[PDB]
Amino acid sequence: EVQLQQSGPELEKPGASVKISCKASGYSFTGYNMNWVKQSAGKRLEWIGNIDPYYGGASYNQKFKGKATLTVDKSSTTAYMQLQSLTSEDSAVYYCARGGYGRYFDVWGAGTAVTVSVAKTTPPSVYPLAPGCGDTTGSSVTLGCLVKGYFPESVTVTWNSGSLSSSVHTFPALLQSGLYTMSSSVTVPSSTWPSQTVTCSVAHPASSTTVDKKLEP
């Protein structure tokens, strides 16, 4: 059936450019306009522009004039979007979407992540989060690991090799000054920590890093 296959995640430095693609299949390519949509993390959809593959005309959201350039390639029935002079504002997921009759978007690509950072691949610093002296006043104790200063996404954080999952929270990473920070929490009965050992295992595939950190009282 009809599919739009988008290119993989992009990582680029401020001021650079990126060109992402959207390969269409299953239909007469020139019969539908192709639209591009931006979505910043946890935010709304924003229309960037569209292109008519038959006559080649492109129309732009005025905000993206000078930022986005749309083209098509009929040798590969692919739609392209180039983003120039990248800034942190450009880190987002970008969707291509097929328009019908200039009205609705009936087929969407999977989206392409673009992340802008001056950082190269960088392994995380992994810090234990243990309560201060005297803090554990009741029946539970919450522990955590702070996973800081890594690039790019993603990391996984596992507690006691996955045995403690039902009380675990994984907090979405935040990008600051080109590096990511995330945290994870776990709660166990206070009668089991620190009398027993709790370890967070942090994996960061991009840097080939695995860190096991024991939580100390």
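A residue's number is simply how far along the shown sequence it sits, counting from 1.
Undergrad: Name the higher of the two by mean Cα B-factor in the PDB entry, 44 to 52 versus 160 to 168.
TA: Between 160 to 168 and 44 to 52, it is 160 to 168 that shows the higher mean C-alpha B-factor.
Undergrad: Comparing 125 to 133 with 104 to 112, which has the greater mean CA B-factor as deposited?
TA: 125 to 133 has the higher mean C-alpha B-factor.
Undergrad: Per the entry's Cα B factor values, which of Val147, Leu86, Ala79, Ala119 stands out as the maximum?
TA: Answer for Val147, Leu86, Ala79, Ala119: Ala119, with the highest C-alpha B-factor.
Undergrad: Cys22: which third of its chain by C-alpha temperature factor?
TA: For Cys22, the deposited C-alpha B-factor lands in the lowest third.
Undergrad: Once the chain's modelled residues are ordered by C-alpha B factor and cut into thirds, is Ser7 in the lowest, middle or highest one?
TA: Its C-alpha B-factor, which the entry lists for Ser7, ranks in the lowest third among residues of this chain.
Undergrad: Considering every modelled residue of the chain and its Cα B-factor in the PDB entry, is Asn33 in the lowest, middle or highest third?
TA: Lowest third.
Undergrad: Based on the deposited C-alpha B factors for this chain, I'd like to know if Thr69 is in the lowest, middle or highest third.
TA: Tercile = middle for this residue's CA B-factor.
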